[PDB]
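A single structure is presented below for examination.
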Amino acid sequence: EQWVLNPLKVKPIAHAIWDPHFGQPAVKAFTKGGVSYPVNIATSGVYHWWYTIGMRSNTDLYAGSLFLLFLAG
Amino acid sequence: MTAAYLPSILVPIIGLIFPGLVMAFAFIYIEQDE
Amino acid sequence: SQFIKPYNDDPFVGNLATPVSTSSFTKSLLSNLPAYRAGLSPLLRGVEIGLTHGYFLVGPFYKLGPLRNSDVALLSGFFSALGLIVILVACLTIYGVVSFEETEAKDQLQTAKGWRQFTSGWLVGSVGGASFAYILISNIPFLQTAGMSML
Amino acid sequence: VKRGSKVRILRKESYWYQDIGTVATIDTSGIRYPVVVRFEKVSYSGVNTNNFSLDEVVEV
Amino acid sequence: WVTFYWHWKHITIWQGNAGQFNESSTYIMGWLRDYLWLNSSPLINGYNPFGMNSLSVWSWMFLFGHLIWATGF
Amino acid sequence: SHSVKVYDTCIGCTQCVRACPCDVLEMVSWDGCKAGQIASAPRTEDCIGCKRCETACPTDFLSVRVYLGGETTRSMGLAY
Amino acid sequence: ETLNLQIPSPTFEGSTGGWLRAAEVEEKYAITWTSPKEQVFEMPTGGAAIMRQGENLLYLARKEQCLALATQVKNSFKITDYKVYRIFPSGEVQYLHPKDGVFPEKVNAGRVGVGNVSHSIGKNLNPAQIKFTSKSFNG
Amino acid sequence: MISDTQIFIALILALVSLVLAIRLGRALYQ
Amino acid sequence: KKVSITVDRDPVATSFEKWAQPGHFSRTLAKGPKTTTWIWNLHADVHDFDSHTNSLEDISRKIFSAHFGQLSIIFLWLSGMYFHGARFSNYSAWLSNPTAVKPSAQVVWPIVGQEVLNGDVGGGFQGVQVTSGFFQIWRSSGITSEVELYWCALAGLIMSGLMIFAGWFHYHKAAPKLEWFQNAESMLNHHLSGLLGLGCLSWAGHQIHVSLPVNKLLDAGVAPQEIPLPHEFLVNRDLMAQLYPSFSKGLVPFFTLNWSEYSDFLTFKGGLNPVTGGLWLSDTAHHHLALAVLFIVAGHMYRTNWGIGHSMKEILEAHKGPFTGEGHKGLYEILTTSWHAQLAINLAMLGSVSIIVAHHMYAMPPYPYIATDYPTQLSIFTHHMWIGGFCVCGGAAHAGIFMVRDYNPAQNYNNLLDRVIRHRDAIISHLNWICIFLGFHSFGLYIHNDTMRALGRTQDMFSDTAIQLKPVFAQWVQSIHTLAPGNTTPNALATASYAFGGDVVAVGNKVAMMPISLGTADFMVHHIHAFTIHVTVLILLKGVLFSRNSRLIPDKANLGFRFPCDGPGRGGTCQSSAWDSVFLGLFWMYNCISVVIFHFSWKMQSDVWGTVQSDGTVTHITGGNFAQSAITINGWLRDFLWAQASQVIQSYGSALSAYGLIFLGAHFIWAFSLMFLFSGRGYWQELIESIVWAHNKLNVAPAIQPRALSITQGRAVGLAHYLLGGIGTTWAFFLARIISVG
Ligand code: CLA
Ligand code: CLA
Ligand code: CLA
Ligand code: CLA
Ligand code: CLA
Ligand code: CLA
Ligand code: CLA
Ligand SMILES: CC1=C(C/C=C(\C)CCC[C@H](C)CCC[C@H](C)CCCC(C)C)C(=O)c2ccccc2C1=O
Ligand code: SF4
Ligand code: SF4
């Protein structure tokens, strides 16, 4: 939702990092993306694809995740 | 993050308990004869 | 005078009787050690080996661990030793399940019941030895340091 | 065929299949492969001669 | 060869310096110094004795790939 | 075990049996070739799969043919 | 015929290349031979031993180990008197080599050909033909 | 933003998918 | 007089007939080729003399004459180095200004633009900069003229002609009998006393009468053409006594045993000459005189023709204890009837000596102005490390050839060989364990440091700023060697080397030598060295001990030293020969020596080499980055390979562009090797079948049937290209880096 507001400036987040081997410099170094936790920045382009096909909010990305869990079942 | 507790709860379980348990069971299954 | 001879007076066996392998000192030490001690129950064999191993596991985790510089270094080291004990006791359990067919006799480690008794003793001994190391290091300041308390 | 003639091999798994060798001898007994053909080229095994049947050998 | 070509041609265009590819791609030392050696520097400085940044993970993966590759030998 | 086959192109040269390090092959009477003998494999359980018999075969395509199959302690060459 | 367990063994100072726990729990191989001399040979498992004049007995972990010594004893010392046995942990002694008293390289009556295929190797069936059927590829 | 309840619904549906995955794997294994 | 000269006269006729029949030397190859494998089999077995002939006499004769041919090639090579120094060099310009002029003895022709390689090396000269250290040798010899370099080139040419004549003469006219070659006592007496002892004595005499006066005049500041010619020191004993006043008394102090008179020119100074940064040549003269006395004395140990002396058979057969059976009995018989056993020992020793040479020559620079010529120091260290490693693996190669071929169990019952083969599982299992332990505890420390540094945990690393793995024993030995002058070597004035501690020796504002401090990074890279040496020993030893038989292949000696496999059975016996352990251990030798030369190059640039600023500050070449960056693999990648490969990559259009070309060419050759290493012969033979079809279609099939290379040859070609590619990559990288920055 932060990225869709400003897609050329915000760096897309793939998922967060919870790694008990990290030092505090590592935790600070990965805390980009405008959030308060370490993150991987997505290189998959899924933000640009989901933006282009209609998805606007987290609720509809989540609704898509739920629908795919149903389809997987 | 919402449900921020879940990464602390699951990542050690999925990353240590899951392999340990499935390796232990896989070891038992590959070694067993009947 | 020859100090190396064929093993067990059998030349074609794949071993050589040597001073390191077959001295009276080596034979005495192996027999004295709990794993090969005669007259020792498999559970008791496991308790003695476990007490030894759990006792010395705490120290490397405590002194060289991630939380070594913290005041919770001993608790982290004990927990890390305990976690390693639980992983190893799982290894002992799974080895026992696959290796040994179930037999009534339990008087030997190389039996399903005997290895289960050994694993039981090793867990009790290892947790107790790790605990004993924790109690001793906590009480004694010199053990908390690396021997530099005198300095 | 006859001894000394030049022959073309028709055994598909031969090294010298569709190559020319020359017949050394032909047995007269109940032998399964009587035509002994020698070849200028050597096989991968280094052998330069092999026994063949009549229906695997044509005069050239 | 395909992804080295694509990536070098694109990073030179994305700088505004497409002529650097135009002059250096015609010999192999241009590919070695101007693509592999020149662009290695943000990657291999992802950690150093002066700190680390969020490219440290790729800095560790790059060495990890060199190890696996050599272990294959 | 491995499967070892002898084809009727065998000239009875006895070389594959001599090559055999594991006494897998032996000679039996056969009227097909001039030598009066053909190789046989009544002991393919001892066959390690070395394929020394194939190397010794002077036929254009080896009459003796080892086909590596199920592995055992014997066919793996395990002294343990 | 049966292995005389009391046959004396060659003088070997021992080695680490000998047999392991699988010999006493799966199978062991023995080779016996008669030597005219007190002579040094090379063990398949290591260094050098001395075969005694008269009858010798060996314990090896492999049949190839036994047949390697058999070739060394036949090519260097000309012993043709070697018998190779497979001894089970049960105590059963299985005679192996030469299996019917005559070497495999010599023809013998009463030998039945095993593994013999009536056609040449290029007449083997293609794998597609033998697919999803139990029929064998050798015709 | 996603609620903890929404994450729990996703975890319920993934558990149902895990059970169906176990059932397919056992059926394929026979 | 049982040691006698015995020769067969006119054994072999000098005819060109066998030249015209390639393959004449073996029964297999003499019937001519039928496949292209014959062509390769010709070169592969040519020098394998004991594969052609049964008799040890003809083998020994072929070896003796081939050694004269090798000596002829070495003398021709030396004569060429002297001629290129005389004719195509700036040696005379370098003599006047050794610290500014760069040595160059190779000039290229202008053909295809390649004349850019004639760079401006200095002294009004253009040529390829040379790094073999010949200029420093010639200045140490006292040559001081290109005319004398022409006379040395002619002396090398005359020696090359005499050695090629002697090889012809001793194979074709007067070839010694086997009983001549089997005189190990006589040969050792002569090679200790005569070769090494009179070699040192004559060289010490040359140093005292030529090198010492000329180099005193050179370091006083006298120009090379103002220096008296070297025979004027021999005659004018008054002029020689000006420089060294002990010459006023002559040889009376030597014979009367008043040797402390000769302390002017036979010193024990130690350390380096401050003017040149090299060893004091008075120390080198005393060194060679002392070695000459012991080498001559040593060459009187063995019994030849008069009852005095040792029988080496008696020495060996008496050394037996309770652990080792019959002991060294039978080893004399081995070493006087097997050439491969002798070559195994002598190659391991020559390689060890070459490795010792590289360490000692960098630490104690022996030539004037060689220490501050950093391209030469890096080149001769790297060269003698590679010659050492190759020769050590050939020692194991010919130990394997001895074991497969010349070993007889009947003559080796219960001796040291029998006992080693009879506990080879214990040897190889303990070596295997130590290599696993030492790969975990040396390289895993690097992986720990990579991980912790990547994780932001700089306090959790093995480093000088974190957990300190200090090399306390190496630091302590350095302490002892710094305290040794005046204490445990009381008559020494300076330390044996400034690497141990002490002063910084600077020549032309560049560091000649300075203390090499050892820290956590040095502990880690030395245990990397111990690990890579251990694993190379494991592969080579496992090949020697299991060359004749295994539990896998019980009759491996019947297959030979060099066989590819014994089939896909027993699970697969690919690379089961002793040859294939030499093949696998030459890679691990490559790995070992590559890390040694990388450790040397980075440590000397980071902590030793550089410029001495005012106040004695030393600005090093890479600015002391070894300590905090050689503890991680990323540091070796970044701060050593990436940082220092700048010169090879950016060498185009300069005189070092040849190094950029060889850098790329050797990357190519290295990669090209992996085609031979990762592939197998059967693919290439079926591909050749399709190509043979295309030739048959055009009626252009060759009569020598093309074959894919043998399995062993595919391995040998892959290894040869891999070594050439890797070493050539390092050669180009090292040389462009240190010519640019040092
Ligand atoms: C042994 C070490 C050695 C080495 C590596 C070199 C290397 C070199 N020398 Mg030096 N040189 C040496 C010894 C050496 N030389 C000696 C001992 C002398 C004194 C006689 C000289 C005198 C000398 C002079 C005077 C010059 C060189 C030059 C050169 C360069 C080019 C030579 C060339 O292109 O020839 C190519 C010449 C050919 C005829 C082509 C060779 C093609 C044939 C086919 C060779 C094949 C050999 C044959 C097949 C072997 C089998 C014999 C047969 C019976 C089968 C090159 C850097 C030149 C240089 O530096 O210029 C700046 C130069 O002018 N050299
Ligand atoms: C004191 C006498 C003496 C000397 C100097 C040598 C020297 C040598 N021998 Mg030995 N040898 C000797 C006695 C001697 N031998 C005896 C008695 C025997 C019989 C048991 C042998 C049997 C023998 C064998 C079987 C072999 C050698 C080999 C060698 C060469 C080793 C390679 C090397 O480093 O050469 C480089 C060093 C040099 C100094 C080259 C110089 C060459 C000449 C010959 C040295 C002597 C010149 C002369 C005496 C000096 C006069 C000084 C004058 C200017 C005042 C070397 C030339 C090996 C070899 O390479 O064969 C050729 C070899 O295979 N020798
Ligand atoms: C298959 C795709 C996939 C992948 C690769 C990951 C990857 C990850 N997830 Mg999971 N996740 C997924 C789908 C996936 N997720 C789905 C669909 C959901 C909704 C239920 C979640 C819900 C979820 C939670 C709630 C959490 C993670 C977390 C994590 C991270 C740590 C691992 C862990 O604790 O797992 C735990 C994951 C689960 C218990 C859910 C099961 C995941 C999928 C459905 C399993 C599918 C397996 C795959 C298809 C095939 C399996 C066989 C394979 C081995 C060959 C890791 C980045 C943790 C995290 O974010 O830490 C940073 C965490 O706390 N995940
Ligand atoms: C992928 C998931 C994963 C996770 C979540 C962890 C988690 C952790 N690792 Mg890591 N580790 C992993 C994979 C993982 N590991 C792998 C793959 C390797 C090999 C490369 C390592 C190698 C490694 C090393 C070398 C070290 C760690 C350490 C640690 C601890 C962090 C430091 C700390 O706060 O100390 C506090 C830690 C404790 C107080 C220990 C708690 C012990 C647990 C809670 C007991 C668990 C019982 C056990 C799992 C029973 C399982 C039985 C089996 C059937 C599953 C933490 C427990 C450090 C460590 O051990 O800490 C001491 C450490 O030194 N790890
Ligand atoms: C492929 C073989 C090869 C090649 C091309 C070179 C090339 C070179 N060497 Mg090296 N070397 C090698 C093998 C090789 N080396 C081996 C195997 C050894 C160990 C013995 C050495 C030991 C060595 C030393 C000790 C020195 C060189 C030097 C040199 C350079 C000048 C060449 C010269 O005139 O030497 C001339 C050699 C000298 C002037 C000094 C010789 C001193 C040694 C101790 C003489 C010993 C001779 C004796 C016969 C050895 C017998 C072996 C012993 C174990 C019994 C040149 C870079 C010199 C150098 O780097 O200067 C910059 C130098 O000082 N070499
Ligand atoms: C004093 C040293 C010495 C001596 C006398 C020998 C002598 C011998 N060796 Mg030993 N060997 C040595 C050193 C030595 N080697 C070293 C240092 C190694 C380690 C690399 C080996 C490794 C070795 C093995 C593994 C084998 C031998 C074999 C042999 C025998 C025959 C070799 C032959 O015909 O090749 C003829 C020569 C060649 C084919 C030359 C090709 C070699 C390379 C590819 C050429 C190098 C080119 C150049 C340096 C770089 C390329 C430059 C490019 C840009 C143009 C012979 C007994 C073989 C044998 O038959 O055993 C009995 C064998 O199997 N040796
Ligand atoms: C970079 C690549 C690489 C690596 C890592 C190895 C690793 C090894 N080689 Mg190999 N080798 C290689 C390339 C490599 N080789 C190549 C290119 C060749 C070409 C010829 C060979 C040829 C070769 C031979 C011929 C021999 C070896 C041997 C060895 C072993 C040395 C003993 C040792 O250090 O154990 C320590 C293990 C390592 C250093 C591996 C790295 C592990 C690091 C420290 C971290 C461990 C990670 C940890 C397990 C994570 C666990 C969690 C995870 C599982 C989830 C080891 C298994 C020798 C051997 O096996 O006998 C001892 C031997 O004789 N190698
Ligand atoms: C390419 C390749 C071949 C084919 C290579 C062949 C047939 C070599 C032929 C190359 C030409 C015919 C000659 C080579 C000449 C070179 C230009 C320089 C050679 C220098 C020396 C030979 C003198 C194999 O036979 C092989 C076998 C086993 C493992 C790997 C491989 C493998 O990789
Ligand atoms: S080798 Fe080939 S041909 Fe000779 S016998 Fe054995 S099978 Fe028949
Ligand atoms: S493969 Fe080796 S063992 Fe099996 S038959 Fe052919 S030769 Fe005898």
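Heads up, residue numbers simply count up from 1 along the chain you see.
Recorded method for this deposit: electron microscopy, 3.0 Å.
Even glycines carry a Cβ here, placed using N, Cα and C.
Residues or ranges marked as [4Fe-4S] cluster 1 binding site in Swiss-Prot: F:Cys10, F:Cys13, F:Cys16, F:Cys57. Residues annotated as [4Fe-4S] cluster 2 binding site in Swiss-Prot, with sequence analysis given as evidence: F:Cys20, F:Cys47, F:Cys50, F:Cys53. The domain '4Fe-4S ferredoxin-type 1' annotation in Swiss-Prot covers F:1-30. Summarising the annotation, Swiss-Prot assigns domain '4Fe-4S ferredoxin-type 2' to F:38-67 and lists sequence analysis as the type of evidence.
What's the neighbourhood like for these features in this structure?
DSSP gives F:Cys16 ([4Fe-4S] cluster 1 binding site) a helix state. Other Cβ atoms within 10 Å of the Cβ of F:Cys16 ([4Fe-4S] cluster 1 binding site), summed over all protein chains shown, number 29.
Of all Cβ atoms in the protein chains displayed, 27 besides its own lie within 10 Å of the Cβ of F:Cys20 ([4Fe-4S] cluster 2 binding site).
Remote same-chain residues near the domain '4Fe-4S ferredoxin-type 2' (F:38-67) are listed as 1-28, 30, 32, 74-77 (criterion: CB distance under 8 Å, separation of at least six residues from the stretch ends).
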For the domain '4Fe-4S ferredoxin-type 2' (F:38-67), jot down how many residues DSSP puts in helix, in strand and in coil.
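Secondary-structure composition of the domain '4Fe-4S ferredoxin-type 2' (F:38-67): 5 helix, 7 strand, 18 coil.
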Give me the Cα-Cα distance between F:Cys50 ([4Fe-4S] cluster 2 binding site) and F:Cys13 ([4Fe-4S] cluster 1 binding site), rounded to a whole Å.
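F:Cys13 ([4Fe-4S] cluster 1 binding site) has its Cα 19 Å from the Cα of F:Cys50 ([4Fe-4S] cluster 2 binding site).
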Using the Cβ centroid of F:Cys10, F:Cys13, F:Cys16, F:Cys57 as the reference point for the [4Fe-4S] cluster 1 site, which residues of the same chain not in that list have Cβ within 8 Å?
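Checked against the 8 Å cutoff, the neighbours are F:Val6, F:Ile11, F:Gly12, F:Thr14, F:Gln15, F:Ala39, F:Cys53, F:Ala56, F:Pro58, F:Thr59, F:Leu62, F:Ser63, F:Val64.
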What subset of the binding-site residues F:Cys10, F:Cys16, F:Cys20, F:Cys50, F:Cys57 has a Cβ sitting under 8 Å from a Cβ of chain I?
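Checking chain I against the binding-site residues, the residues within range (Cβ-Cβ under 8 Å) are F:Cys50.
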Among F:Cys10, F:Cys13, all listed as binding-site residues, which has the most CB atoms within 10 Å of its CB?
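Per the Cβ count within 10 Å, the most buried is F:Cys10.
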Go through the binding-site residues F:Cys20, F:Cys47, F:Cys53, F:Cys57 for me and flag any whose C-beta is under 8 angstroms from a C-beta on chain G.
F:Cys20
Using C-alpha positions only, work out which of the binding-site residues F:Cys10, F:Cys13, F:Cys57 is nearest to F:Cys47 ([4Fe-4S] cluster 2 binding site).
F:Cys57
Quick one: of the binding-site residues F:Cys20, F:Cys47, F:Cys50, F:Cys57, flag those whose CB is under 6 Å from ligand 9, and say none if nothing qualifies.
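Cβ under 6 Å from ligand 9: F:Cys57.
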Given the binding-site residues F:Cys10, F:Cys13, F:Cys57, state which is nearest to F:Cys20 ([4Fe-4S] cluster 2 binding site) when distance is taken between Cα atoms.
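Nearest by Cα distance to F:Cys20 ([4Fe-4S] cluster 2 binding site): F:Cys57.
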About how far apart, in whole Å, are the alpha carbons (Cα) of F:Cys53 ([4Fe-4S] cluster 2 binding site) and F:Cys16 ([4Fe-4S] cluster 1 binding site)?
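Cα-Cα distance, F:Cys53 ([4Fe-4S] cluster 2 binding site) to F:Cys16 ([4Fe-4S] cluster 1 binding site): 4 Å.
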Should F:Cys10 ([4Fe-4S] cluster 1 binding site) be counted as helix, strand, or coil on the basis of DSSP?
coil
Give the number of CB atoms, excluding that of F:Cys50 ([4Fe-4S] cluster 2 binding site) itself, located within 10 Å of its CB.
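Step by step: centre on the Cβ of F:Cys50 ([4Fe-4S] cluster 2 binding site), count other Cβ atoms within 10 Å, giving 25.
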